[PDB]
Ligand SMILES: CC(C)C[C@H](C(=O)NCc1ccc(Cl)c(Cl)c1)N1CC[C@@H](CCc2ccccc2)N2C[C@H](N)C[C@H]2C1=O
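Here you get one chain, nothing else, as structure tokens; it is the form deposited without this ligand.
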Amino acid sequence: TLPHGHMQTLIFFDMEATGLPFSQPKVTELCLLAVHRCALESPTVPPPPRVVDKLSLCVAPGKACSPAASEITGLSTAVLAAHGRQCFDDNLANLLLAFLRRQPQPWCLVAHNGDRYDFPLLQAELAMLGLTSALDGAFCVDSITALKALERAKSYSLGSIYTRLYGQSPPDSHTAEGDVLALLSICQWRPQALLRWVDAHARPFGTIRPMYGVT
């Protein structure tokens, strides 16, 4: 029930990309929202905690976005270039590690459908740089799996869960930060039971196999 102790910081996480996994997609946006478990040790949509750390970045993917990805995210490779965005590089990896290092350990990334998309994509971008070590101290959980267990104790898409719990659609379904903020709200529904589940299911990020690139 505590394979790795209590997770100290939950890092709510979302990335947007150029396409689906089969397409060897590249990140176009990412957001990390770090919340100490203290803020979760304790209807209508709750306010976020006062004390949080937030990082939201756009990324030049180096290839075209699919039309569908651009409709969903409002991003395109040309638009990212017009704003001088840089590719996923060593500096970005160092930035992610430095942000994680502001937080008390153990770190647990939390992402909706993260096992199938966000986590293997992040692993793949790091693997292409030879920098999977940037994330090797972290743990991770997929909140689809979590919310299924909490509601059991229907669709489990993020918007489905949000409207089921709060009776309104999430705002800002087109940025990575908006997805992370909606995920936070759903995780605040039954926060103590969520923390028990996270503690029991936290998985070392080093066991996430990359979507593509060296394993």
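Residue numbers here begin at 1 and follow the sequence given.
According to the PDB entry, the deposited sequence contains 4 to 9 residues between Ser42 and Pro43 that lack coordinates. Unmodelled stretch separating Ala153 from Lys154: 4 to 9 residues (count of deposited-sequence residues without coordinates).
Here the stretch with the larger average CA B-factor, out of 96-104 and 135-143, is 135-143. 6-14 and 19-27 differ in mean CA B-factor, and the higher of the two is recorded for 19-27. Annotation for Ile72, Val110, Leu129, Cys87: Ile72 ranks highest, by Cα B-factor. In the deposited entry, the Cα temperature factor of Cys187 places it in the middle third of its chain's modelled residues.
For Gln168, the recorded CA B-factor ranks within the highest third of the chain. Only modelled residues enter the ranking. Among the modelled residues of its chain, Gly178 has a C-alpha B-factor that falls in the middle third, as given in the PDB entry.
Per-chain ranking of the deposited C-alpha B factor places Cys65 in the middle third. For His36, the recorded CA B-factor ranks within the middle third of the chain. Only modelled residues enter the ranking.
Absent from the display: the form deposited with this ligand bound. The rest refers to it.
Here is the short version: of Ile11, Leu194, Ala202, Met15, the single residue with a heavy atom within 4.5 Å of this ligand in the deposited complex is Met15. Checking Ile161, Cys187, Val59, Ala69 for any heavy atom within 4.5 Å of this ligand in the deposited complex turns up a single hit: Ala69. This ligand is not shown here, but in the deposited complex it comes within 4.5 Å of a heavy atom of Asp118.
Within this chain, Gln105 is remote from the site of this ligand in the deposited complex, having no heavy atom within 4.5 Å. At a distance threshold of 4.5 angstroms between non-hydrogen atoms, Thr73 is in contact with this ligand in the deposited complex. In the deposited complex, this ligand sits within 4.5 Å of a heavy atom of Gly19. Picking from 107-115, 132-140, 79-87, 94-102 the stretch near this ligand in the deposited complex, with a 4.5 Å limit on heavy atoms, gives 107-115.
Contact check for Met7, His36 and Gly206: none of the three has a heavy atom within 4.5 Å of this ligand in the deposited complex.
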